[PDB]
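So that the names make sense, note that chain A is the first sequence line, chain B the second, and so on, each numbered from 1. What's counted below: heavy atoms across the whole structure, side chains too, no hydrogens, waters or symmetry copies.
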Protein chains: 2
Amino acid sequence: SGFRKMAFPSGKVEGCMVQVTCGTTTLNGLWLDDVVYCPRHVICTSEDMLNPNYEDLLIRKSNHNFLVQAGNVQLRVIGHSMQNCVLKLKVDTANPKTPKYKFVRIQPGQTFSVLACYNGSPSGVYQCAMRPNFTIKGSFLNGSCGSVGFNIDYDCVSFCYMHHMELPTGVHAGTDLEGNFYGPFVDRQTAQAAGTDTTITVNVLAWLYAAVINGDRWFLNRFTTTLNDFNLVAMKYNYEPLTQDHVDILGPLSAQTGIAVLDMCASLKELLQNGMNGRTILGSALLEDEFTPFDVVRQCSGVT
Amino acid sequence: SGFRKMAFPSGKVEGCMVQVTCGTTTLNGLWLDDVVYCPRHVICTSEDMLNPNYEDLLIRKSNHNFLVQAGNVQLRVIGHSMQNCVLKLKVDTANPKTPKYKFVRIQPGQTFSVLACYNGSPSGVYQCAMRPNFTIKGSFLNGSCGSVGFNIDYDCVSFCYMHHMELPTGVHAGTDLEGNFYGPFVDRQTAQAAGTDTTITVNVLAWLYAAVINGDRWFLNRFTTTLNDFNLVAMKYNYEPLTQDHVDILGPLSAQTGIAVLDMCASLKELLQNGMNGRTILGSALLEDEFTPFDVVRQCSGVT
Ligand SMILES: O=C1N[C@H](c2cccnc2)C(=O)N1c1cccc(Cl)c1
Ligand SMILES: O=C1N[C@H](c2cccnc2)C(=O)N1c1cccc(Cl)c1
C-alpha cells in the first residue's frame, strides 16, 4: 500500500546523456545509436535568440563546431542536420549503452518521467504530465535544455519530450524527439503565453480509484450522476469533459474496486462543489491529476 | 524555475539490484562488491513470521539454499551470515556495476530516494523522508522487500534504507544497511504501532524559501517572531521544535532571499494559525515537509 508520484528508473536514459557545446552555448544532448539529438538553439547566442534565423545560423557552423562530450570522452561529429527544432549530430561511434527505444508524440494528459540534466550530467528524476495546454510544470534551470521526458515498457524506452524553454510564467515548453513543439510555442525569446490549463478529469478519477484501493474512502458518497450532468460541473470548474473513451480506460479500476465510473464521477462532483473541508486524499489537500489510469494500475500491481 | 519532488537518478542503484529466493520466498537483494544484502525474513515462511527465531531458522539453511539471480544469470553463494535484520550472502563474483558507495544511518527528517523493486527488477523511483517516528510513507507492495533508499554525492551512493515491512497503518518500516531498524520495529508479523508523527519544521521552512525563490510570495507578511514564540505554535500544531541548528542550516536560503529565518517563521506561524484560505504554495494545498534545506539549495542551483 501507499501512493507516490513515481518516476521510471532513469538508468537507461542516464547512459544516453551527453553534453553539446556550440560556440559558447552548452546544453544537453541525447546519444542514441550514432546520433546525438539536442535543441537547435545550441547554435544561438543571446543576441540571436530575440528573432533567430536558424537556417542562416546553422550555415555558419561545421561538424567541428559541435563539441559532443560523453562523460569525459569526446565524440567525433561526422554529420549535422536540422529536423524541425532539433539538431541531429551524426557521430562516428554508436552509444554502447543505447537501450531499446522509440520516439513517441504523447497526448496531452499523458504522463512521463523527466531526467533533468546540466552539462550532460543527470541531477534528478521526477514524474510530469503534458498539460492540456501543452506545457509541463517541471523543474528546470538554465542549462537544463536537452533534458528528456520518457516512458518505459519493460526494456523499451519511449522518448516523448525534449526540454527547450521556460515561458515567463515559469512553465516549460519543449518538443517531441522529431523537433516538433508541443503546443503553439516557437524557440524564440519572445513573450508566448500558454492557453488556459484545464484539469485532466480522467486522471483525477484514476487517482480517486487509487485512493479507494489504498484506504482513503471518506469522499465516497450515496450519489451517482450521468456524463452530461458531470460535464456541466467539469466545465464550470475548468476540468476536461469526460468521454466514453475515458470511462472505458477507467474500467479496470472500476472492476477492481466495484465502484461504477459514474458513481466515482458523483464523488468528484461533490468534491468540486464542496471542497475537501480540510481533509486530505492520499496525502494531498487538492485533487491530483498527474496520474493516468495506466499509472494507477501499474503502481497498484507492481509492473517492473 | 519550478519545484518538484525530485529523486536522484537511479542508474547506479539499478545495477546493484538482484533477486534473492530462499525456499519459496522471493525478495530483492543489493549486490555490492562480492556481497548480496537482503532482509533476513527471506528465510521465513508465512507460518514462521508470527514469532520467528531467525537464528534457529538460519541454521536449517546452507549457501545452496539461497538463490541469487542478477538479471538472467545466477550468482554462486560461498558464504552467508546474519547481521542484525539483514543477511549478507557472499558471492564468488564482484558486481562489475558496483558504484562508489557508503552505508549511512540517516537522521529522522532527512530525505532519500527509493528504487522500488519486484523480483530483483526496478519499477519506479520516488523521493521520501524518514519521518520523525522513523517510518516512511512509501509505495510498496508484497515483493518490494529488499528495495533500498539512498542519496548520491556526485559519484558516491550512500545507501541509507532497506525496506522490510508495512505496518497495519499502511506506513513502511525498514533498516539501515547494517540491518538495524529505524525506530522500535521488529521483523515480525505482530501489531506494531508507530508513534505520533510530527511535521519536520526545518523542511517546511526550507520549502517556503523554495516557494519565495520560485515566485510564490503571497504568504510573506509584515511580522516576525522568536524561537520560543514560534515553538509554542509548533508544539500546538505537532511540528518539531525549531533549534538554532535548524536556523543555521537555513542560513544559505535566508541569505539568497534576504528573508531572515525568524521572519519566515512568522509567515509559517500565520499559515499554521489561519490555514491556506484556499490558496496553494508550489502547487500544494498543504505545508510540504519532505524537502530538506540541502534539497532546496541543490534543486535551485542544479547540482549534478
Ligand atoms: O536557453 C534557454 N534557457 C532558459 C531556461 C531556463 C529555465 C528552464 N528552461 C530553460 C530558456 O528559456 N532558454 C531559451 C530562451 C529562448 C528560446 C529558447 Cl528555445 C530557450
Ligand atoms: O513479507 C512481507 N511483505 C509485506 C509487505 C507488503 C507491502 C509493503 N511492504 C511489505 C510485509 O509487511 N511483510 C512482512 C511481514 C512480517 C514481517 C516482515 Cl519483516 C515483513
Side-chain donor-acceptor contact under 3.5 Å, B/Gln19 with B/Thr26: no

Region of B/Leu115 that comes under 4.5 Å of a non-hydrogen atom in chain A: side chain

Residue B/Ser301 versus chain A: region with a heavy atom under 4.5 Å: backbone

Exam field: side chain A/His172 to backbone A/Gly138, donor-acceptor pair closer than 3.5 Å: yes

Near-ring test B/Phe3/B/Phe291, centroid separation under 6.0 angstrom: yes

Parallel, tilted or perpendicular: ring planes of A/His163 versus A/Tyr161, cut at 30 and 60 degrees: tilted

Nearest-0.5 Å distance that lies between atom CG in A/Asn214 and atom SG in A/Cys300: 5.0 Å

Portion of A/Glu288 that has a non-hydrogen atom of chain B nearer than 4.5 angstrom: neither

Residue, of A/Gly283, A/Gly170, A/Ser139, that accumulates the most heavy atom pairs under 4.5 Å with chain B: A/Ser139

Side chain / backbone / both / neither for B/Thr280 at chain A, heavy atoms under 4.5 Å: side chain

Option in B/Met6, B/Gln299, B/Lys12 with maximal non-hydrogen atom pairs under 4.5 Å from chain A: B/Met6

Check: B/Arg131 and B/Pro108 side chains under 4.5 Å, non-hydrogen atoms: no

Chain A contacts, top residue of B/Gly2, B/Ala285, B/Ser1 (heavy-atom pairs, under 4.5 Å): B/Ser1

Contact winner vs chain A - B/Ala116, B/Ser123, B/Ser121, heavy-atom pairs under 4.5 Å: B/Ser123

